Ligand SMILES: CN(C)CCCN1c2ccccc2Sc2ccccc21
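First, one chain by itself: the form deposited without ligand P2Z, in structure tokens.
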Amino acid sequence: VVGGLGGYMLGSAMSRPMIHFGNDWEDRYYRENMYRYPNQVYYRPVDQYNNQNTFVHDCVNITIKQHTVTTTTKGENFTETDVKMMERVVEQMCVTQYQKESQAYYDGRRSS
């Protein structure tokens, strides 16, 4: 019984990028502890938004919202440090989910 998810789907599966955070430790931290974070993101149909940005943001928000709900309360806890890395990983994954969904929904589909 989610409260905040108007039928947001979950993507099929992806891989774990490296995220070049720019701190020497945000990298070393991340590469060690990456096994915690989802290898997936939640989204709505790209076709519903007119623009990538608003949509991919909504994908950051919703993915993390689904975790701070489902994954959390009585499971995991994303500390404030994780929270910042989640936003990094998930945005940089929502742009990938989109490089399928958008272009797949454009190449022989939309026309702008």
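Each residue number is its position in the shown sequence, starting from 1.
The protein also exists as the form solved in complex with ligand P2Z; that form is not presented, and the subsequent description refers to it.
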Legend entry - Among the candidates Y37, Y30, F55, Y42, the residue which, in the deposited complex, approaches ligand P2Z to within 4.5 Å (heavy atoms): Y42
Inset, instruction - State yes or no: in the deposited complex, is some non-hydrogen atom of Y8 no more than 4.5 angstroms from a non-hydrogen atom of ligand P2Z? - result: yes
Inset, instruction - Could you confirm whether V69 comes within 4.5 Å of ligand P2Z in the deposited complex, counting heavy atoms only? - result: yes
Inset, instruction - Indicate whether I62 is a 4.5 Å heavy atom neighbour of ligand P2Z in the deposited complex. - result: yes
